[PDB]
Each structure stands twice: as C-alpha cells, then as structure tokens.
Amino acid sequence: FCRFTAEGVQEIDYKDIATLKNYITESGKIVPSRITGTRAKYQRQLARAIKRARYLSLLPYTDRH
Amino acid sequence: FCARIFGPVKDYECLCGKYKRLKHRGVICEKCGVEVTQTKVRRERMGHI
Amino acid sequence: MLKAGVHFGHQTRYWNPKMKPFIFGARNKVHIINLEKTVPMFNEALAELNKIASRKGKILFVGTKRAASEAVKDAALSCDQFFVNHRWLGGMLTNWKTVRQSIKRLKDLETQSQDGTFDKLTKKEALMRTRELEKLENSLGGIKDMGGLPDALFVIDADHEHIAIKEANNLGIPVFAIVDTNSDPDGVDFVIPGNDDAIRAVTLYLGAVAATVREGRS
Amino acid sequence: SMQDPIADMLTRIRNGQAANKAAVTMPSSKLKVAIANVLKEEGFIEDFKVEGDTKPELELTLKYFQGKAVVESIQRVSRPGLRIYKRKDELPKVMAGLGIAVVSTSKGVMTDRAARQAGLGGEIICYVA
Amino acid sequence: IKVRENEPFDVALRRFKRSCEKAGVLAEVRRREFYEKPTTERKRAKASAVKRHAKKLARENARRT
Amino acid sequence: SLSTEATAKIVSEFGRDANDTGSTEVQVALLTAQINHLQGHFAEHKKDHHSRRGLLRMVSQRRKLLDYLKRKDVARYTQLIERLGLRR
RNA sequence: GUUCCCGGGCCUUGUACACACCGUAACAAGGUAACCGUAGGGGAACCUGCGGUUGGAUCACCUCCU
RNA sequence: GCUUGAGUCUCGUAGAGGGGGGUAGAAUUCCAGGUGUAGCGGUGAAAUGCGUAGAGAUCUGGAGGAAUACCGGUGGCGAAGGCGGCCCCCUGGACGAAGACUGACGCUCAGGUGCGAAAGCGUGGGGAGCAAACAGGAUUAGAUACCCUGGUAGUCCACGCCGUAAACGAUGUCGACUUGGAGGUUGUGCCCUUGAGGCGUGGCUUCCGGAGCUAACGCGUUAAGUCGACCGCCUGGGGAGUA
C-alpha cells in the first residue's frame, strides 16, 4: 500500500542515490524484503546495486571506520 | 456508539469483527450481545438508562 | 421471490467447495451463491415433511447459535413439537437411552414440586429443587415428556453440528438438515442448503416445517 | 508413460467413482468403443459417444445406481507384460457371473459367456465388477 | 550509530545502536563458526513462527469462553 | 547462449523452409553446431564436474536420433552424413 | 501478599523405564543433545577437527516503545 | 502413413551452478614510531604465559593467510554431492507465448564408465585462526577427559591414488491419473500494467486435510493413493556389513 510500487517498473538504477536513502537506514543498514512492502526481486536488486555503489564510493560501508 | 447497546457498525457487521458476513442475521457476539442487522436501522436504534 | 432473494447464503471462500458442484452460484469477493441445490430442493422437502406427518411425526428441533434459538421455542409452541433452542448436548439421540435415567429423575422432581414436598423440607433444600429444575428447563424442558422417538430432526447446522447429523445416522431417521459448502453430502436425507444463519430463514424454513406437520395429522 | 491405454483408463473408472463424476474422456480407438458397446448392452456404460475429428475424444458417460458405483472393483488381469491366453473351459468369471470377464476374442470384443457362444478363447483383458 | 542531539537529552540515548544490531553480529562473530548450526535452530524457530499465526487462526473461529 | 547468426545459416541450408527445423536432417545439425562450440570449453578449464552432464546428455540424444534416421531413411542419412560430415 | 521455605493436587513436557531414577558416554537439556562417514591417539569408555541430518529440549522470565 | 509421447530452432529471464585469473575493504597474528598503565587473559574457581627487555589498549603505513555480517526468504541452482562480495570470458540444465516437422526416434539394468563432501598421503609453495599426539596448572582417590595458554599433522592453490557415509525429505527412476486454502520463489499470455491486480499454465519446496493406504504416526498433486516398464535387497538377533 504505497504510490511508488504502483509506478515502479523494471530495475531501479544505481546512479543518483537519493531514493537509495529510502531503503537503507542512516547507519548503512539495509531493510529486508518483508518490512519494506516490496517483493524480494526488487529489494534484492536494489541491494546488489548498492554494493557496487560501495566500489564507486557513493555510499560507504558502515558509517565510521 | 456501541453494537451491544445498539447495533452492527456496518450491515451485518460485528463490533469485534467476528461476523464479517452479510448473511449473518440474529446471531450475537457471545462476548457482548451484537445481534447482526442492517446498520442503517441505527437511525432508529432506541435505547435507555 | 427466492425469499426477498436471501436463499443463496453467501459463501465464504474458506468454505472448501466439495459442495462446489451442487452449489454453482456467483463469486463475490469471497464467493457467495449456492443457487439451485438450495431453491428447488425444498419442494421435495415439502413432500416428505407431509408424508412422515401422515405417519404421525414430530420434529425434535435441534438448533443452536443464538439466531434461530428463539423461533425454535416458538415454532415448537406454535404447533405441538418439542425443541432444543439451548445447547444441543452431545448424546441426545444415541446416549438418549441413558439420558432417560435423568428423564425419570426430572419427572420425579416435577412430582415433588407440583404434588410433592416443596413445602416439607429445609428452605435450603427446596431452593435446590428450584435452581436445578430451571437447569432442567434449559437442558431437558423441550423433551421433558417424549417417551417415543420423534420421526424427524431438524439439524440447523452441519458445519458445526455434523455430530447431530451423525447420531441421526444411528437410527436411520429422516434428517432435514440445512447445510454450508464445507459439509459432507452424506448423512442427510433431504438437504436444504444455502443460508441458515439468517433470522429470515429462521422464520421461513422452521415455520414451513412445523406447519407442514400440521397437515399430515389432518 | 501411458503405454497401456486399457489399464490407465480403468483408473479413470476407479478414481472416477471415488471422485464422483459423470463423464470421462480418453484417447480413442474403435476397439475400446466396441468394449463400451458390450457394456451398454449389459448396463455398465450409458450412451457411448464416438465424437472425433483429428484428435479422437471418446466421451463415455459413467453410470451409478443409488448414488453408488456399478463398476467399483475393476482392474487389469491380462497385463501388457503378462498377456495370458485362456481356452473356453478354463475361462474365469468375475463375481462368478455377477461381473463380466471382458475378453478380446478372435472376432472382436465380448464377454466370457459370449466367448462360450463363439466356442473360442483369448485375452481376458480385465475383471469388471 | 552516532547519536548527538544538542540539548534536550538528560540521557545517553543509544536506542538506535540497539535498533541496529548490537548483539546481532556479536552473537555471530564471537565464538566458533560451525557453519550448520543456525540452519537447524532457525528450523525450530520457523515452525514456532508459524505457530503463533496458527494461534491467530485458533482465536478467530471459536473461543466461546 | 548459442551463436544465432551461424545456426540460422544452417537452417537456411538444410531446411526447405526457414521455419522447418523439425526434420531430422536439420535438428541433428543444430545439435552438432552446439557441439562445435562446446569443444571450446572441453579444451580448457579442466574442472567441469557440472558441465559434464551436458556432454553425456546431448551426445546421448544425438547418438539415438541418427540411430533412427538410419533405421528408416537411409536416403536422408547418407545424404546427411555427406552434407554436414557428421560421421567423423 | 504469594514473589521466600516444607508437604499436597490438577494441567503439561520427556523417557531404549514398567523387574517402574575401573568410569557416567546415551535415556530430563542426564546440568557436555544424539548418530552415521574419515584420520589418529589413549588401560579403556570415548574425545578433538571437518561435512550432514532430526531417530533433539524451553521458547518461560527481567528492563523499554503503542 | 497420421498425432496427444521424446526432441530441436526462431524470440527471452533469473540464479551460494561449476571453472581459470585478478582485485576492494574490515578484523586478527606480528613489525617500526609517539602516548601511557600495572594489570591483561580465563573460568563455577584457580592456573600455564606475558609484564620497568614496558604486554593488553589508541592512531598512521604494511606483507602472508583463509573466509564474505547486514541484502538472507521449511528461498535459489543441480542427476547427486555440494555450494553465499565484484568483474572479464566460457557454459550446462530448467521454463514459457505463437508456428514449423521426421513420425514413438521412449524407459532401465549384471560385466562397464563418470562425479564423489571431509579425511589419509606423495609433490612445488604455506601456516594469521582453530587445533589430533603431547607438556603445565586444576575438577579428582586418578587423567592421557569438559576449561585456558602453546604446538607437529591437517586446513588452502595445482596434479593424482585407496574410491568411502545418517551420500537421509531414510521415500529408486520415466510417465499418466486424483475436491481446496495460506504461501513463497521465477517467467508468461489476455483486459485501461488507470493502481498496490483479476483469470489460466510449468519447475522446486513447507503446513493442515478428503479420496486411498496403514500397526500407528501420518504422507497427501514434491505421496507412503492407483497401474505399467527396469534393477537391487530381506527370510529373527549376534557373528558381520568382518577375516
């Protein structure tokens, strides 16, 4: 129940990370496919893209080292 | 605003929701007497004190 | 006309549709119509409800669930039948031979109260015959003076009282049981499907059974 | 894999009565239809339909009695592996007669009694009770 | 991870730390690996996770107490 | 996953149509085409205890397909082994 | 007032027990859950490491948000 | 000769599936340097060891080594075993909308061939962590046993040999048939995918049940229900799945 997965079609990208802030916490923790009202397919693909965003320095690992 | 004191919140609808059947008529919620009838009749539900 | 169109007793998906065939009907958000098997099955019902009455028959009404529990007491008092508006105790047809031990006990209490010693004992014990006898009202008042077996039992439920249907299959007695579509097609002789938990059907069906007893003896 | 049509058609009959239906449809051959012909004359099948275009759908209407199976205890005797020939005097009778021992004879398809009428035996396909 | 709040505290406030993991990865990287263990205990855990929902289905149909 | 603009060339040769790759003479050739590009893997890497099940699978399928063409149409089989050279 | 302590009852969980609770390794979670496969070792049971499974036990309390 | 069986192509998706190599980052053992203390570690408890030759602790730089928290789902792939970062190349298997065909080309087995976790060992390298044999201190009447500190073998990369299991959802395999619900995972066709969907079809898997089987528990479209085809095994236990 949300007007975003009703207009969300075909693999959400890894470029601008503004909407990736909407799946992660302000710690660097990812939300499971059960809390977020999003089929595993999607919550998981967003996830793999984020690990690549770490190899690109968009998002760091944990907050501080 | 009670179903036990007056009636079904909706047409044949129990307070707790034990009866979400618009076929159920008469049978009350055994916890508190909710005789299921049409909620529209609640424009004529007369009670007392 | 199909009784203000209520005959069809809406069907709840978890109804587990063995009865799927016989019911047919449309499907509304849960499912819903038991159509045909319901409507014309009452015409042949009227037929047998006349014949068993032509052989002097009584209908021990077996009803529970608070909804019809009122017209059961009235439909029984309206003609001549016995009733079970309150809890239908498991054993009132098979273990009934031993319920008779208590039936004689009830007929002896009716003695002590009416023409007995309800004024020749401790007020402490006289009240014991009082409160208990009222427990005999809600339990055995609608079968207080049976002696012989009724010729038909109206089973209000199969989804909840299939045991009431089972014990009938112990005497092989005519069963006029109204059903839901998660029940078994076996055990019942003259099925009257569809809606049963509706105060209107209570008036409709139960009234049409006691009244049909009234003409077999005429 | 559906190598013995006869046997896995009797399953549609067995489970057919257990699942309580009214009509079964299986791949057709006019030899199986001839079996239904013998079964109609006896009262086991009711009105056989040989409807076909290029994919022969033989539709056979299963029969009941009092809401009970007339064909309840039926299975294969002459298996596709163990096809057994019989004479005329060593020939078996289903239910000692209250059932028919369907046998494929030198002419076509008939029963144990009709095989006596021919004076020659063959494949006792199955015990039908 | 990092809690601050300039002035209205009068308390430490480490509630998101526990709301992160805290013992989450403590219990996983403190003792011997033993690769198979979690799998089995999540087994008894999952069957009892469906059991409360079985209790949810056990309270809706009757309970005429 | 296959080399489409090489195998479509094969159905063009063997087939009397472009949609006709149901005939034995065309299908075993598309199967051998798979094996022509399969050599490339069974020459290197050495540890394919998984890819091995593919070898035995497509070879089994192929051995018996040419084993039927042999038992029915020796006209097409001798022309097929002479058209692709799938004998050796 | 039932949270401490002695005895008692009901419900419940568990047992290769019903003849009925030189060293404890299994049977209550036997206070170290069990068995198969492999190498090695010690008076000896068995143990240590690695892989698998359920022919295993309680999910009851004590501190925080509606 | 004809098609409901087997099979392939045109058009596509997903994946701890395998393989060779390379790389990113944290932690740990340890080395150099600045600061600094007398305790660290461990257990029911004590203790071996380290310590003014400055350990543990903190920050910066860094070389071996093995392995991927959170995404993680009685979820996915596969004949099975077994297997969790990313990239490049190679590639097997499973499945689907709409057509084109040879026309049963299908199933399985003694001898036979191949895969084979982990472990044993030979060989060119290796050793951070854990840790068979063993040593010290204790529980103890005793310790070669729960514990801690060290430590050879092993663990890893590549080639092979003996060729083994609870290699077990204990359910052999190809296939057809047999009222539903909560679902999960991956595609697809139709209608306005306005929308988080409605109606059908295949693969894998979990729970409650009817038919039926059964000693019972229960399995229940992935069957222990109903048949056909192919193979192995059993005739009470032990001896022994051993010489």
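Residues numbered from 1 in each chain as written, not as in the entry; some residues may be left out. Chains lettered and ligands numbered in written order. Part of a larger assembly, values for the part shown. Heavy atoms only, no water.

Method of determination for the deposited model, per the PDB record: cryo-EM, at 6.7 Å resolution.

Asker: Sorry if this is basic, but what is going on with the sheet that holds strand β2 (residues 45–49) of chain D here?
Answerer: Strands pair in a sheet through their backbones, by hydrogen bonds, and they do so in one of two ways: parallel or antiparallel. Residues and elements named next belong to chain D. In space, the three strands of this open sheet follow the order β1-β3-β2, with antiparallel pairing throughout. Of all the strands in the sheet, just β1 (23–27) and β2 have a single pairing partner and so form its edges. Between one strand axis and the next, the sheet turns through 25° on average, direction left out of account. As judged from the three bridges shared by β2 and strand β3 (residues 57–62), these two strands associate in the antiparallel manner. Across the sheet, the residue bridging to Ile-45 is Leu-62, located in β3. Across the face of the sheet, helix α1 (residues 7–18) comes into contact with β1 and β3 while running at roughly 165° to β1. Strand contacts of helix α2 (residues 30–42): β1, β2 and β3, with the helix running at about 145° to β2, the strand carrying the most contacts. (Pairing = 2+ DSSP bridges. Helix = DSSP H or I, 4+ residues; strand = E, 2+ residues; numbered from the N terminus. Axes fitted to C-alpha atoms, helices over the stretch in contact; angles between N-to-C directions. Contact = heavy atoms within 4.5 Å.)

Asker: Would you explain the protein's contact with RNA strand H in this entry?
Answerer: Neighbouring RNA strand H are 75 residues; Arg-44 of chain A, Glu-28 and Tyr-35 of chain E together with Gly-22 and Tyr-68 of chain F lie closest to it. Expressed as a percentage, the sugar and phosphate content of the atoms of RNA strand H within 4 Å of the protein is 74%. Separating a phosphate oxygen of RNA strand H from a side-chain N or O atom of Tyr-35 of chain E is a distance of 2.7 Å. In the environment of RNA strand H, a sugar or linking oxygen lies 3.3 Å from a nitrogen or oxygen atom belonging to the backbone of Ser-23 of chain F. When residues in the surface near RNA strand H are grouped by element, the largest group, nine residues, is from helix α3 (residues 52–72) of chain F. Residues that form the surface near RNA strand H fall into these classes: 23 nonpolar, 25 polar and 27 charged. (Near = heavy atom within 4 Å. Polar contact = N/O pair within 3.5 Å; in protein donor to acceptor, adjacent residues only side chain to side chain. Nonpolar A, V, L, I, M, F, W, Y, C, P; charged D, E, K, R; others polar.)

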